[PDB]
Every structure is written in C-alpha cells, then in structure tokens.
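Below is one structure, written out as structure tokens; the observations come after it.
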Amino acid sequence: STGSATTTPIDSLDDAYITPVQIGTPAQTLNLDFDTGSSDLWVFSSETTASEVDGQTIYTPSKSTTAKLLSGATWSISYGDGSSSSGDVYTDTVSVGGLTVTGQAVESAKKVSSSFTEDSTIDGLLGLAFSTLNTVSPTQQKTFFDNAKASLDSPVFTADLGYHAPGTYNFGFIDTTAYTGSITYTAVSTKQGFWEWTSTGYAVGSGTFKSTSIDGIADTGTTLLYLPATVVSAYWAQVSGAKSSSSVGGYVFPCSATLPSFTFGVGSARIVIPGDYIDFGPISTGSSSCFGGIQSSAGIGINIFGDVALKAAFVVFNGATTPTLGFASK
Ligand SMILES: CCCC[C@H](NC(=O)[C@H](Cc1ccccc1)NC(=O)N1CCOCC1)C(=O)N[C@@H](CC1CCCCC1)C(O)(O)C(F)(F)C(=O)NC
Numbered sequence: 090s091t092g093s094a095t096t097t098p099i100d101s102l103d104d105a106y107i108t109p110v111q112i113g114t115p116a117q118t119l120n121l122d123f124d125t126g127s128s129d130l131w132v133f134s135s136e137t138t139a140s141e142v143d144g145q146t147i148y149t150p151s152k153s154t155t156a157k158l159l160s161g162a163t164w165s166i167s168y169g170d171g172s173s174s175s176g177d178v179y180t181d182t183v184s185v186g187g188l189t190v191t192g193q194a195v196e197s198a199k200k201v202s203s204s205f206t207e208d209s210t211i212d213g214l215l216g217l218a219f220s221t222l223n224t225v226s227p228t229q230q231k232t233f234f235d236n237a238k239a240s241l242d243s244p245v246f247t248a249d250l251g252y253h254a255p256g257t258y259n260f261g262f263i264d265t266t267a268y269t270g271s272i273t274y275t276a277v278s279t280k281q282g283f284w285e286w287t288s289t290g291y292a293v294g295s296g297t298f299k300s301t302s303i304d305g306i307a308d309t310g311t312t313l314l315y316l317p318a319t320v321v322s323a324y325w326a327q328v329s330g331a332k333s334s335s336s337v338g339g340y341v342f343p344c345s346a347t348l349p350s351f352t353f354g355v356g357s358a359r360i361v362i363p364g365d366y367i368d369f370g371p372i373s374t375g376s377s378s379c380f381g382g383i384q385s386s387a388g389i390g391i392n393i394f395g396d397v398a399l400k401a402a403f404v405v406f407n408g409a410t411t412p413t414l415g416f417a418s419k
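The sequence shown lines up with residues 90 to 419 when you count with UniProt numbering.
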C-alpha cells in the first residue's frame with residue numbers, strides 16, 4: 090500500500106510545512122507539521138485548555154467511533170525551541186494521503202505552551218523520528234510510519250519540500266519523476282533516535298570543497314540549517330555587511346546583499362542550496378537587516394539539516410532494518 094500527501098508552507102518564509110491528515114470515523118482533518126526529529130503524534134483537542142486554543146482545528150475524540158481512551162497513558166514533550174505540550178492518549182485510525190493506519194496512538198493535548206497557542210495554522214505534530222523517542226508513558230507507542238511499515242510497498246518515506254511552494258510526502262514508494270540524476274544513500278545512526286547521518290564536508294559559493302565530517306540530523310521540523318561555528322563563520326565572511334548579532338541572536342545581513350550558495354557533501358555527491366533559500370527575510374517589519382538561514386549550532390549541541398537544506402533536495406528516509414538516508418538533486 091502507498092500514500093501521497095501535499096505539504097504547504099505555513100507562511101511566505103517557509104518557516105514550516107502543514108500536511109492534511111484524517112483522524113477518526115468519520116474523518117476529522119487536521120493539518121499537522123510532519124516532524125522527523127520527534128516521535129509523537131499529538132493534536133489540538135476537545136480536552137485542550139480552552140484559553141490555550143486560538144483558531145486551531147481541534148480533534149474531538151467524542152465524535153469518532155473508532156476512538157478509544159488508552160487508560161492511564163500520559164505524554165509530555167518539550168522541544169529544541171523550548172515549546173512544550175502534554176496530556177492523554179487515545180488510539181484511533183489515521184489516514185495520510187490514502188494510507189490508513191488502524192490503532193494509531195493519537196496524543197491528545199491538555200496543555201500546550203504559548204508558542205503553540207500563537208501558531209494558528211499548525212493543529213499539532215506527526216513525529217517521524219525513531220519510536221524510541223516517543224514520550225508516552227508507561228507504555229511507549231509506535232510512530233505512524235512504524236505502524237504503516239507492514240503494509241508499505243517499501244518501508245521508505247520521502248520528503249520533497251518546496252521553495253515558497255507546496256511540496257509532497259510519499260509513503261511506500263520513490264517517485265523517480267521527482268528528482269534528477271541518482272540518489273546517493275548514506276548510513277544512519279539510530280543511537281539517539283534521530284535520523285543521524287554524517288556529511289562529507291562543504292563549499293561556500295564557488296569556493297573549494299572542504300572535506301570534513303559534520304554529524305547532523307535530517308530534521309523536517311526545524312526551519313533553519315544549524316552548523317558548527319567554524320563552518321558558519323566561513324559562510325558569512327563571504328557576505329559583505331554580515332555579522333553576528335546579540336540582540337537578534339543570529340547572523341544578520343543587509344537585505345540588499347546577494348548570498349552565495351552553500352554546498353554540503355553526501356558521500357561523493359554534492360547538494361547545493363541556492364543563495365536565495367538562505368535569505369530568511371527582514372528581522373523586523375521594514376528593517377534593512379535580514380536574518381540568515383545558516384546559523385551556528387554551538388548553543389544547541391547537535392547539527393541540524395533543517396528545511397533550508399532539505400528543500401534543496403529529494404530526500405528518502407529508507408526505514409529498512411538498517412536505515413539509510415538518500416539525497417538527490419531536483
Ligand atoms: C533549536 C533547534 C530546534 C528548533 C526546532 N524548531 C524550529 O526550527 C521552529 C519551527 C517552527 C516554525 C513555525 C512555527 C513554530 C515552529 N522555527 C524556529 O525556531 N525559527 C526561529 C528562527 O526563524 C525560523 C524559525 C525544533 O524545536 N524542532 C522540533 C519540532 C518543532 C517544535 C516546535 C513546533 C514545530 C516543530 C524537533 O522535533 O524537530 C526537534 F528535533 F528539534 C526536537 O525538539 N526534538 C525533541
């Protein structure tokens with residue numbers, strides 16, 4: 090079996106991608122952020138504290154015939170940006186893109202932080218990292234993908250993010266029309282439960298490639314590219330008024346710059362992020378100072394290939410028994 094769903098940026102900087110998902114019987118449609126660095130499917134719900142919901146679409150398990158409370162399960166997550174949510178758990182049927190999974194744990198928020206409340210177009214998350222990270226206690230629950238994987242023609246999904254434009258997640262199959270040339274696949278480490286891989290090095294603009302291993306995670310739920318403070322200095326040194334800013338917390342640059350591209354290595358292959366994908370945009374409505382898309386990881390403590398990097402590529406998460414990550418140009 091297969092499924093094919095359209096994800097669409099939430100805003101005109103592609104800060105994040107929402108993808109329609111059907112939960113329950115009959116279907117409730119919520120739009121979920123597809124998250125490869127987390128392993129919880131959680132949703133806005135009927136049980137969500139009322140003062141914390143603001144225009145989001147809520148799951149009402151009371152209305153679904155397939156919904157069962159999972160008695161005493163609780164869950165509680167917190168993420169890189171300090172956002173958090175917790176609450177209780179049903180199981181229910183979930184479809185993505187035609188692909189149906191029965192008995193999926195759907196974690197129902199009771200309490201979300203302010204950051205969630207603020208973001209009206211995201212009605213919760215669909216984790217796609219490794220099931221080890223799921224936070225439901227006391228019985229850890231499986232991911233959407235792990236539940237599908239039985240049924241799948243092929244235990245891969247693929248991510249094909251767009252630059253200011255809709256893009257597609259596919260389960261079960263590789264669209265050989267979606268990419269040019271060949272996919273290079275590269276080993277994953279599951280140890281910390283991330284799709285963990287190692288980049289082969291980098292180029293700035295039309296500079297020389299440096300060979301150098303950068304360990305990072307492929308993370309569709311993280312907006313920017315976060316690189317070691319060395320790699321990142323190299324890049325912004327090539328941008329005329331660019332500097333590191335304490336008030337902004339970041340690398341800023343005059344909006345009037347052109348950015349050079351960034352190449353990252355995948356085995357012997359090279360992926361090139363066009364300069365314009367790096368252009369985040371104005372830091373504050375009407376400032377002549379723009380925020381960059383390439384940011385240092387020193388403070389976070391892993392390297393993240395976020396959406397800037399992965400929208401440059403057609404990406405396969407091959408969830409075989411030995412997982413791999415495949416990258417191709419498109
Ligand atoms: C500092 C490094 C991590 C930050 C990363 N978040 C991000 O990258 C959020 C994504 C977002 C877009 C729109 C609205 C709200 C959030 N964006 C963000 O912080 N910025 C600030 C810089 O401008 C660009 C957008 C993150 O926490 N990713 C989570 C999942 C998200 C959490 C917040 C809601 C959206 C999804 C993650 O699961 O992928 C994780 F790996 F980082 C994680 O915490 N695993 C436990």
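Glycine residues also receive a C-beta, built at the ideal position from the N, C-alpha and C atoms.
Next on the checklist: Rounded to the nearest angstrom, what separates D103 and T311 at their Cα positions?
Outcome noted: One C-alpha to the other measures close to 11 Å.
Checklist entry - Helix, strand or coil: which one does DSSP assign to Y324? => result Correct three-state label for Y324: helix.
Item to check | Sub-7 Å separation of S202 and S173 beta-carbons | outcome: Yes, the Cβ-Cβ distance between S202 and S173 is below 7 Å.
Next on the checklist: Below 8 Å on the Cβ atoms is my contact criterion, and I expect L217 with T206 to pass it. Report the Cβ-Cβ distance as a whole number of Å.
Outcome noted: In fact, because the Cβ distance is near 24 Å, the residues do not count as touching under 8 Å.
Checklist entry - Is it right to say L158 is buried, meaning 16 or more other beta carbons lie within 10 angstroms of its own, or is it exposed? => result With fewer than 16 other Cβ atoms inside 10 Å of its own Cβ, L158 counts as exposed.
Checklist entry - Taking the alpha carbon of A409 as the point to measure from, which residue in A194, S93 and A237 has its own alpha carbon closest? => result Comparing Cα-Cα distances from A409 to each of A194, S93 and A237, the minimum goes to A237.
Item to check | Nearest neighbour of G381, chosen from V321, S204 and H253 [CA to CA] | outcome: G381 has its Cα closest to that of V321, out of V321, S204 and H253.
Next on the checklist: With a threshold of 8 Å, are at least 3 pairs of Cβ atoms found where one atom belongs to the region 135-151 and the other to the region 233-253?
Outcome noted: Contact fails: fewer than three Cβ-Cβ distances are below 8 Å.
Checklist entry - What are the start and end residues of the alpha helix (DSSP H) that includes residue 420? => result The chain is shown from 90 up to 419; residue 420 falls before or after that span and cannot be answered.
Item to check | Nearest to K152 (by Cα), restricted to the options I99, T118 and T125 | outcome: The residue with the shortest Cα to Cα distance from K152 is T118.
Next on the checklist: Quick check on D308: buried or exposed, where buried means 16 or more other Cβ atoms within 10 Å of its Cβ?
Outcome noted: Buried: at least 16 other Cβ atoms inside 10 Å.
Item to check | Pick from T411, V110 and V178 that is closest to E285, judged by C-alpha positions | outcome: When each option's Cα is compared against that of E285, the closest is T411.
Next on the checklist: Just to confirm before moving on: does the CB-CB distance between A402 and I372 stay below 7 Å?
Outcome noted: Between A402 and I372, the C-beta gap is not smaller than 7 Å, which leaves the two residues out of contact.
Checklist entry - Does any heavy atom of ligand 1 sit closer than 6 Å to the C-beta of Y340? => result No, the Cβ of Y340 stays beyond 6 Å of every heavy atom of ligand 1.
Checklist entry - Ordered along the chain, which non-local residues of its own chain (more than five positions away) have a Cβ less than 8 Å from that of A116? => result These residues qualify, in order along the chain: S184.
Next on the checklist: Classify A398: buried if its beta carbon has 16 or more other beta carbons within 10 angstroms, exposed otherwise.
Outcome noted: Its Cβ being crowded by 16 or more others within 10 Å, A398 is buried.
Next on the checklist: Going by DSSP, what residue range makes up the beta strand (DSSP E) through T273?
Outcome noted: Looking at the DSSP string, the run of the beta strand (DSSP E) that includes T273 is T269 to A276.
Checklist entry - Mapping DSSP to helix, strand and coil, what is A105? => result Looking at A105 - three-state DSSP - the assignment turns out to be coil, as it is neither helix nor strand.
Checklist entry - How should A326 be labelled, buried or exposed, when 16 other C-beta atoms within 10 angstroms of its C-beta is the threshold for buried? => result Exposed, since its Cβ has fewer than 16 Cβ neighbours within 10 Å.
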